[PDB]
Amino acid sequence: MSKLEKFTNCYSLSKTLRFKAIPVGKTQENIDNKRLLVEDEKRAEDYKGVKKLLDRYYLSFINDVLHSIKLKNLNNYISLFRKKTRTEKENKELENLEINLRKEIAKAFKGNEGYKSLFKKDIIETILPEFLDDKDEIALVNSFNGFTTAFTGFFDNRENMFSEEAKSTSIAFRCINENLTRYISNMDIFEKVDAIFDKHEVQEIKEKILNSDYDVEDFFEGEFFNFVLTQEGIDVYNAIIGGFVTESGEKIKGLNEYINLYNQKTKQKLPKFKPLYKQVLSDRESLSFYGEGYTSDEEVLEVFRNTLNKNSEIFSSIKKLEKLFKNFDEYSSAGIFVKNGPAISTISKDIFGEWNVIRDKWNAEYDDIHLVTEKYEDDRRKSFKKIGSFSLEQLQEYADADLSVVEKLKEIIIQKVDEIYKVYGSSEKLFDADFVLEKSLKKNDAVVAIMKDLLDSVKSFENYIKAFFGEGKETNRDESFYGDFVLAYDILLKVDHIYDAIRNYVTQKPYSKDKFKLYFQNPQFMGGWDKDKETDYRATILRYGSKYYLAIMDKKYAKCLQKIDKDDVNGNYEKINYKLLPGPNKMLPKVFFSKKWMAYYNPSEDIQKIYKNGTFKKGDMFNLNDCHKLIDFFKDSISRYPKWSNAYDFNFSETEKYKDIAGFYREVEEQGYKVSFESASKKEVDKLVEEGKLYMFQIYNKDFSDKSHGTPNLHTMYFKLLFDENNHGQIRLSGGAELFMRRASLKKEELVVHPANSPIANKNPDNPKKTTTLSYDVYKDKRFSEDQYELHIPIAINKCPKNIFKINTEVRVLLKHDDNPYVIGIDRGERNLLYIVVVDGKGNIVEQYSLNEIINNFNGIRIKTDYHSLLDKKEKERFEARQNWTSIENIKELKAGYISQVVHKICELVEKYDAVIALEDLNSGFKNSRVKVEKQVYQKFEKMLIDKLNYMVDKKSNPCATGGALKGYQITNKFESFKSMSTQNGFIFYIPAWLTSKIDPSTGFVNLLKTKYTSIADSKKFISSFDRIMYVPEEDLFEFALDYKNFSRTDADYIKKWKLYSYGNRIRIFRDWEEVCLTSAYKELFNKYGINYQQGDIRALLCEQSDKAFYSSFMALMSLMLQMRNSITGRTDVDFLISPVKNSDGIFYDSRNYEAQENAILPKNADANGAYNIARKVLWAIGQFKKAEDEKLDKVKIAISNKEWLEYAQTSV
RNA sequence: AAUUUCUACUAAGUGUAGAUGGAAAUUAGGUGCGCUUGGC
DNA sequence: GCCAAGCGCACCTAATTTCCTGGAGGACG
DNA sequence: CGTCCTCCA
Ligand SMILES: [Mg+2]
Ligand code: NA
């Protein structure tokens, strides 16, 4: 036996199969003539409208409750929440006060008498109309009378808002778990940071943000939190923190701005506040002003031409500012000023090449006067900070003999004006009055590039100009320059709103129609599949051979398939006969205590008293003997209930054996499902479609083509298995199917075509058949060029699981008693997206390779796909698009594509080796800081892996075999959320990543030294703590003998005593890279300071140095020597791992000696080393399971400590 | 360069290989650019 | 040239809820 | 009463 096969039929899950629906015969014309698709497209728009009118009600309902709430538990919860020493029982009381706070919110909604009617037809029929005023809005709502069933799901989505549970879509959850937690964390930050705010700034927030009705401090007391339950108060509170922008553009500072300024001014690091999340269903309007944008291509072109032609004022303002600078000499250089700050940085760079040069020259002249250095540089920085402005004459001081500042400036303005003209010559045709654009602006990259290139050059000019404004408050200021310069600068600034607004419009995605749902004039269309509901749902399934069909009865002919009999002679369709008894624990009481049934069969008061009282259910009023007499009442009513009695061949148990009522309900549930097919005359059914009484679509994907001949999609197997006699409820067909129309979005004529009989280039370089020639055209994206029906079919897998155990526990047990358990270790990364190492129970490397490339072999042909390269390209295409205002392509499909191959390889690995999976326990705070690197695959990899392992099927297996489609493996727990995961998800273990990569696999050696240069005396103490430092002539290496117990915070190490050598090279990273030969660099350093490095033990000699640079360069070299991992950024060709320690045979581990070998015993590179040691850290956890009794396996801690890891790693060898 | 959809193909000629939980709702994040005030 | 706090706009990505129902019951001609 | 939409849990 294997460990996998114990994991079938563990839990239920639902999935959706999707198909094209192809109209058969006259159905399309009959659908055309009745205009069914037009009705459905309009209904979808109106449906979204009504959904908006309903929210306007729900929101008003929400805000009236929330505005009137005073939380009772509040002050007790805030008290206990801020306690810093909580006993376990206090933690429990905290959770109880959190629960009670949410129940307080849920009851304030649900205690309303009319609460229930907010989710039945009353809200559409009555409530929402009386609440509305617009005649047209009211008529829109009324148009769904008799159709409110179409809102059942939407009512569930709205119900969710009022749950008391800690669930993400709940108002209560948003208020208490999320916003109250931030509010309380902000109270602490207020008490720390309070003093930094002066009286003026607190008053400004009070006057402009608090309407002068509150003090800023009030929103940091516990009692004020009720103010913040509605979007209104959230807005005010986030404005205290972040400020706002006035109608005139002034940015009023919030508290976080003042904290940042203070930090930046004092070089401190005080914490900032967090803003509160939004109120559920709020219609948010910002408190900051932002001007009106543009709404059409024509408007944009008119604005662009009115405001930017040669004769426009903005152009003229440039021709003034040019002619002005071009005549600098008529104005006194002592009177034109560059404000100190960014303006001097800009001007420093344009004239001296670097931003800091003017500050540098200033510092040099300061030193000339004033010459401890910690205050000096700071006192001098302060004195330089006290300067507000710098004249042009003053700057000429800093010019050098050949340089003249004024002359250099006017070159720069000509350089930027010539750049502006340059772009105008390319913008000639765009200014023509006769110009009209063929392509829409949001699809016309050529026109937008002309517009953006022009706008950019004008912006570039504007930022240069702005540095010449100075502080402005200068007494010396030359108003014969300023006066006109300010008139022209103020009109130029008008290009700011234009630039923003043009980018805001031009970058919008163009409108794309969504598919829409088809109802066939039925508010419960295709609701389910039960025979006794065919007439209400008016949709069934048919089979003719291998082909399947959806059959829809017209609103006027619901019974037309009830009549049809076998055509004994000619051919016949098979019509499905589907019966389902869902949720017997609810349906059985409802059916057999109905007024319809209690007439026929009267209860005993015995029978009646139980269900009224409830002595049938396990709980506090439980009484076993009553369930038995009730199970039989039900069992005796099933006999007399014909539509159930003859639909399911029941075979119950001896009643005396049921332990509770649920033991009965489970047998009804499993047996309440049956699917068969009866004959129907194909002549009559066809004529029904002909006469328009029946609509017929073939349920299609490519595996049903007459030309299909390969392995079908897993989903095609699922679908056919729905109706296979060997499927005994492993996969049930579910209700809630849906049919949609997706209008074509490409024109056939506009499609890339490969014409018949002209050879097509094959793209796979390992494919020896270089060309393919077909006799028919082949079109790119062909499927989007015609309207398409799609059918979405829900299915349910393992609805009645028989293998109920805690999945994690079972894995630990199985690992304990497994003589040689294999591990697949997986290192997550971005140099290598994924890297795989498989080990055996003894830690031997069995397989190792990167997954940057997917190698697939089929039909003798090999194919390699460098997905790391493909994602890299996509990531760069998107960066460029963002900066260029061009189309931002998706990356997530490509990620999914890549990840699917990865997951397929991993599943094969799991099956081949019966192996469990080892991953880094990456906290979610690490995984978000790498989302900026859009190669990022960490979390999507996890989701798709965990999903597949919820029901893992070998498509090639026999469907009835273990691991086949009817008996999939479930070796991860049912995916509910990341929120709720532990460090073990069945076969997946998450272990501490610490020192899995930066460790010498052949010795266990790690770098536990702190080698940042801090001071001369610390460097002397560091050098002196080695047992010996000497040059080794016979090896041309420097040896550094250390005992780790002589060094700070090295306790984790186990071996303690090491001899380090200057062996090989290293890649130093700095801002770029350089290669360093360690021995040669040590010789350079010692020679630079006259050091006789041949004098045996040399550390006393080294401590005789007085130069700080020696000790600093020496610590740097030590760091490079202890830097075992070495790579070049964005590079395949360098990622080697090299150790400064010898192994027992006196050789240095160097991954590059193993990267060569096809079958390496040790890791081939640093990423392999990481995956390898992640796997071993799980091998250790398996060692812990072996140390423990089975009763206690659930409590074995799996996170190896850092000290246990170094001992483990250093005694493996 | 074809697809229920996606990725990679052409795979022997209207397709091949692997993956594929939909629908609705709510909410959050990341990138990029502009503006405000600031820090090397 | 780099970066911080905050406001805005455009885009794409993604976490976590819910349902995956037939038969009684009502409203209506 | 026969039909169609709503409601239950
Ligand atoms: Mg196939
Ligand atoms: Na942003």
Side-chain angles (χ1 to χ4, degrees), chain A residues 14-20 120-121 146 148-149 153-154 156-158 160-161 167-169 242-245 249-251 253-254 256-257 259-261 264 272 277-278 280-281 286 288 290 341 349 354-356 496 499-500 503-504 507-508 523-524 527-528 530 532-533 536 580-583 586-587 590-591 594 701-702 705 707-708 710-711 713-715 734-736 738 752 754 760 762-764 769 772 774-776 778-780 782-783 790 792 794 796 856 858-859 861 863 865 878-879 882-883 888 890-894 896-898 900-901 903-904 928 931-932 934 977-979:
Chain A
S14 301
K15 285 182 188 299
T16 309
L17 313 188
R18 271 183 314 197
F19 296 89
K20 174 179 212 183
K120 349 204 277 98
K121 60 138 115 72
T148 73
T149 289
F154 181 73
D156 290 356
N157 295 125
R158 286 304 174 263
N160 290 338
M161 291 172 74
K167 273 162 170 166
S168 66
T169 52
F244 71 103
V245 189
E250 164 181 23
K251 176 58 181 58
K253 293 179 190 97
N256 271 8
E257 280 151 293
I259 296 180
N260 180 60
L261 291 165
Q264 289 194 142
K272 69 177 170 87
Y277 290 151
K278 87 182 295 284
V280 178
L281 220 66
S286 165
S288 312
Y290 197 76
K349 205 158 232 288
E354 289 180 305
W355 61 277
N356 58 282
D496 282 6
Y499 190 102
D500 280 336
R503 181 201 60 243
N504 292 340
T507 60
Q508 298 187 305
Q524 55 184 158
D530 194 277
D532 304 329
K533 300 287 290 172
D536 308 296
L580 162 62
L581 199 167
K586 334 172 159 200
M587 180 130 104
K590 258 180 299 188
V591 164
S594 66
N701 67 44
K702 89 176 109 182
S705 155
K707 298 298 186 163
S708 188
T711 306
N713 306 318
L714 175 58
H715 284 196
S734 303
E738 281 177 308
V752 185
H754 293 274
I760 314 311
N762 295 326
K763 199 191 178 308
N764 168 14
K769 182 162 175 299
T772 294
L774 310 159
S775 40
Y776 52 88
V778 271
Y779 300 77
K780 185 184 190 59
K782 174 149 104 178
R783 61 201 176 271
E790 42 181 277
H792 293 220
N856 279 322
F858 182 84
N859 232 283
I861 300 183
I863 190 157
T865 298
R878 281 155 64 92
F879 185 76
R882 287 175 182 128
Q883 301 191 301
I888 308 175
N890 286 17
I891 200 164
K892 60 175 192 323
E893 289 81 13
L894 180 56
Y898 168 55
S900 64
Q901 312 275 336
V903 168
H904 179 70
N928 213 78
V931 168
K932 54 158 131 195
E934 282 184 330
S977 69
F978 289 109
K979 221 180 202 72

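We name chains A, B, ... by the order of the sequence lines, and we start the count at 1 in each one.
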Taking the side chain as every heavy atom from C-beta outward, state whether A:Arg783 and A:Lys20 have any pair of such atoms under 4.5 Å apart.
no
Donor/acceptor link under 3.5 angstrom from A:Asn762 side chain onto base of B:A1:
yes
Looking at residues at least two apart in the chain, or sitting in another chain, which of them share a ring-ring contact (aromatic ring centres under 6.0 Å, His included) with A:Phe978?
A:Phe975
How would you label the contact of A:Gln524 with the nucleic acid (heavy atoms, under 4.0 Å): base, sugar-phosphate, or nothing?
base
Is A:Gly153 touching bases, backbone alone, or none of the nucleic acid, heavy atoms closer than 4.0 Å?
nothing
Please work out if A:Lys702 contacts a base, only the sugar-phosphate, or nothing of the nucleic acid, heavy-atom cut-off 4.0 Å.
base
Please classify the nucleic acid contact of A:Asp156 as base, sugar-phosphate, or nothing, using heavy-atom distances under 4.0 Å.
sugar-phosphate
Using a 90° cut-off around 0 for syn, call B:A12 syn or anti.
syn
Are A:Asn856 and A:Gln901 packed together at the side-chain level, in the sense that at least one heavy-atom pair is separated by less than 4.5 angstrom?
yes
Applying a 4.0 Å non-hydrogen cut-off, can you work out what A:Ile760 is touching in the nucleic acid: base, sugar-phosphate, or nothing?
base
Looking at the strand neighbours B:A17 and B:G18, are the centres of their six-membered rings under 5.5 angstrom apart while the planes meet at under 30 degrees?
yes
With a non-hydrogen cut-off below 4.0 angstrom, is A:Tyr776 in contact with a base, only sugar-phosphate, or nothing?
base
Side-chain donor/acceptor of A:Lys782 to base of B:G15, under 3.5 Å:
no
Applying a 4.0 Å non-hydrogen cut-off, can you work out what A:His792 is touching in the nucleic acid: base, sugar-phosphate, or nothing?
sugar-phosphate
Under 4.0 Å, counting only non-hydrogen atoms across every strand here, what does A:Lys349 touch: a base, just sugar-phosphate, or nothing?
base
Any N or O donor-acceptor pair linking the side chain of A:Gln264 to the base of B:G38 at under 3.5 Å?
yes
Assign A:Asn713 to base, sugar-phosphate, or nothing according to its heavy-atom contacts below 4.0 angstrom with the strands shown.
base
Is it the case that C:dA10 (base atoms only) and A:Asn504 (side chain only) share a donor and an acceptor within less than 3.5 Å, ignoring hydrogens and angles?
no
Tell me what A:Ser977 touches on the nucleic acid: a base, only sugar-phosphate, or nothing, going by heavy atoms under 4.0 Å.
sugar-phosphate
Can you tell me which stems RNA chain B forms when a stem means 3 or more consecutive Watson-Crick or G-U pairs under 3.5 Å?
B:5-9 with B:15-19, B:21-40 with C:1-20
Who passes side-chain hydrogen bond (donor to acceptor under 3.5 Å, both in side chains) against A:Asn762, sequence neighbours left out?
A:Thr772
